[PDB]
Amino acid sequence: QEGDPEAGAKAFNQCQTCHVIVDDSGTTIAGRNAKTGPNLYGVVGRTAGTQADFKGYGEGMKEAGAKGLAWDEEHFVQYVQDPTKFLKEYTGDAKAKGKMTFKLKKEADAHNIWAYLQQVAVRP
């Protein structure tokens, strides 16, 4: 919401190596065909670790979603900044790591990509 969606659309290039945003009709809104990560379409407000077509979720992600994690900005930003650190605290498991552990470099990108998802990845 307070980030720059247009700056986020551009910062999304960092994520398209592994994600894609493809609406229910099947149109690619961002990215080409990366499957490593889950389709980010409809992630806003979605319960962590529940994208129907994804099969590579780590246990930490499936459990955080089971403990009640649905994506909002606050969380989404903490997560991409340090994904392990976030899964350990949310999950309470000091042994959770996740399938992606790189830490985002800028916090602004995080807010901007969120403002962009809020503009293109919200499942009506």
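Residue positions are given as counts along the sequence shown, with the first one as 1.
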| item | value |
| --- | --- |
| Mean Cα B-factor comparison, 26-34 or 91-99, giving the higher one as deposited | 91-99 |
| Selection by C-alpha B-factor (highest) of 55, 46, 85, 75 | 55 |
| For residue 65, the third of its chain into which the C-alpha B factor falls | middle |
| For residue 3, the third of its chain into which the C-alpha B factor falls | middle |
